[PDB]
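We give structure tokens for two forms of one protein chain below, kept apart as structure 1 and structure 2.
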Structure 1
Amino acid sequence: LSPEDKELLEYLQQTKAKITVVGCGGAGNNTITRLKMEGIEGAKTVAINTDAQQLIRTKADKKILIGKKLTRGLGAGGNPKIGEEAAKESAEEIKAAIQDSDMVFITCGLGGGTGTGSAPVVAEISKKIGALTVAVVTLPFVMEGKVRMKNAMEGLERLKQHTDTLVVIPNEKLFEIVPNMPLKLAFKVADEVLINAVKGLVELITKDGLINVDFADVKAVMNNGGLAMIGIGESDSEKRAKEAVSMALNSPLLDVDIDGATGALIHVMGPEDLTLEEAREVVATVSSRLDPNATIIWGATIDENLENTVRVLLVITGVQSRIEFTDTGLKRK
């Protein structure tokens, strides 16, 4: 290289796109494990919990047992305050774990004591170190009781204070996707949605695809994405790309008016025969449903575990004005 170049390269050296995914509580830890085992691209995984037993059986690049002096390696028993105090107690360790991150993904299942309580603390620390802070969390099933939904919503309120974009997935809507779903499989299905949402969002930024997704653009949109929701769809039919995005746009997980949506992140995933043309048809379809001033970031990657099905992950941001926070869950305005 040359004097100018060599300098630049060195510059690229220091700077980067350090992404860290943090899972809190059992649900959060279970998510991290899958990401680690199936190997999420260009992202560090961190699992944190008060329950040492859940944490020891968890797999991640780093593990932080929080609340040692407070919970003595035991869970929070559903007490959000314990999870908060515990996270506060381990603020330094958490900070060390996510230090130097350009972006931090906080994932957990709201409703318990650790995830609900610690998540907002990890988020605050994440912002203090200057990382684009994004959370992907789930709301509990109705069958879990009002108390769980209350703590969840309360935690969703605290969380919204420290995040740049807060993606919320209502588990209850999972029953609308698969009506005859056996109870013993509810959480196995939720696991799948969570993984597809987090991995899908992360790899959209880190995985080489048929088109380049710029990190600066991703910042611009997530920096103030506010409250966000997702849509998932896949098809192998004649118009696979057309059906997939149609499914995603009609997904019950995306329970809200998207016309006022400020932006969107679209991740098209398919087998080796995936073409840029299909990707564009997906974007075009979504583009018409949102405000013409909305910013749309999109990518398209090959997933060899797809055979001949195309998958579409939709993330609609800035929809908090079309939503209201009740202790029974989110309600459409």
Structure 2
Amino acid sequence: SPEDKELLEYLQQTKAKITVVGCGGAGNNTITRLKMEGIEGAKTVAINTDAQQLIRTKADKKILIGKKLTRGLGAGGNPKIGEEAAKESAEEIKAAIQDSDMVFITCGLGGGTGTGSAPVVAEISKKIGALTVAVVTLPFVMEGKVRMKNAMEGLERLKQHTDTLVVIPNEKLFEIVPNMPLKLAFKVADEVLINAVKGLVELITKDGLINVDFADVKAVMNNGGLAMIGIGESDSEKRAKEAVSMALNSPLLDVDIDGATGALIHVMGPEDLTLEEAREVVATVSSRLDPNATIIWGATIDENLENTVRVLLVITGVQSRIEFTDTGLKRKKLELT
């Protein structure tokens, strides 16, 4: 019987179905790259209020939101417009992510479409039962006050409809490469975004030297709250030891992590990668967190790495350690006795 056969097949499902949704200009640009470079077992959805930007984007599925409100002509940097446009097209957004076990929402906060629509996409995602994760950036300071204030209000709004919320503050990118021009600024930020999003997705979906169980992934991210990342990599031969230390000292991981529970670790490298190096990585990280933190990790081989091991660290539950101001994220300053 068709129904019964359908029920049996479901039980044989082997991999988690993942969907990546990019909103606004920056988000569509991230999506275009993932589609071209490829992103192991994950469909791509692009959404915009701006028709031209959507046309030049490459993705499995495109949705023009706010057709009646904006008219395919952008949201002009206004968050409230991006939000009403998304609410207006909620039905189409929902049908595009309906069968997903997990949904990644990515965009650069600061403008009108991404900042306004991301929280709406996340709310629809949770309503349908998918693990809902966001990977977004805060704007550079040179972009100015209005852009940051809008980004911060959007981060707040997004926190409420998200399982784990991963924030990358673009301004820290200058601490990685001090004298960089705005030209290459958004090029570096692009790189970081792809590594974070692709690193998390592959950790969950790419066959490695140890199996990572989606049910564990879900248990840790279900209450990931606010999260931050760290990226490091070594070319030497004492690789692991150096990549992890670099990742842990990354300016991107701008928060006190000793009180963290949960964390996801993805160690990448060449054919000669060993569970031994991965383990050294995990334990070095494992000691800086809470003694009872849950850690999810994996290890994958990447041809293009040639002779390097890259380490991606996502540390969760740090919201209590951060302060959300109109001007950005500031490491919290706890009150004396």
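Only residues modelled in both forms are compared. Only the largest set of C-alpha atoms that superpose within 1.5 Å between the two forms is called the rigid core. Residues are numbered by position in structure 1's sequence, first residue being 1.
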Exceeds or equals 2 Å, Cα of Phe325 between structures 1 and 2, core fit: no
Displacement in Å of the C-alpha of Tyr11 between structures 1 and 2, rigid core kept as reference: 3.9
Rigid-core-fitted C-alpha displacement of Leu74 between structures 1 and 2 (angstrom): 1.1
Regions shifting between structures 1 and 2, defined as 3+ consecutive residues whose CA atoms all move 2 Å or more relative to the core: 2 to 16
